[PDB]
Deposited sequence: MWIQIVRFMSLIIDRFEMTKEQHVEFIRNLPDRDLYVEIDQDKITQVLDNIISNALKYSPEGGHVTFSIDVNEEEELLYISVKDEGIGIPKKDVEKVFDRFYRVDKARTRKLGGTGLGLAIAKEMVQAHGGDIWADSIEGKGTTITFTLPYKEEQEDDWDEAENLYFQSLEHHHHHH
């Protein structure tokens, strides 16, 4: 089954934008884009990435969501950017590994789950980060329309 990913994400962000206190910025197209992934799996992917962005963010920092369309590859690129503590250069591609944490204390599965779910549905995921400036997590999903 297919879901309209723009609507879907807006509602996810809305439930985060409306609870407690933190800013949320959007680069989301007025386009009818569909992905074939169960609601609950894509929810876990996004919840896990958003949870990290907020957990590791300071001040009234911005979390920015983007969806960009690669028509040639038939892929959407979905990204979550924060202005948080960032990730050490040597660790940036360890962060998706099961139980891996940058520093007894914590689980370290959020991003492993996100990777497994994205990959199972034909996408890929990566982290771009500068220690002390912030992190972008980006994943792809096949789409139609």
Q | Sequence order list of spans that the model leaves without C-alpha positions, deposited numbering | A | 23-24, 106-111, 154-177
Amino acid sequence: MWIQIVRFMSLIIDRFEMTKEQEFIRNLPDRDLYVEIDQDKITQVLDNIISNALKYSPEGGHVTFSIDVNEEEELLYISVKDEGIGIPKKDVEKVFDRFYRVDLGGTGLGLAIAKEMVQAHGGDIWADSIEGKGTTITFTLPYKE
From here on, numbers count along this sequence of modelled residues.
Q: Tell me which of 131-139 and 117-125 has the higher mean C-alpha B-factor in the deposited entry.
A: 131-139
Q: Take the C-alpha B-factors listed in the entry for 106-114 and for 90-98, compute each mean, and give the stretch with the larger one.
A: 90-98
(Q) Highest Cα temperature factor in the entry, among the options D40, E36, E59, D68: which one is it? (A) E59
**Q.** Among modelled residues of the same chain, the CA temperature factor third for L28
**A.** highest
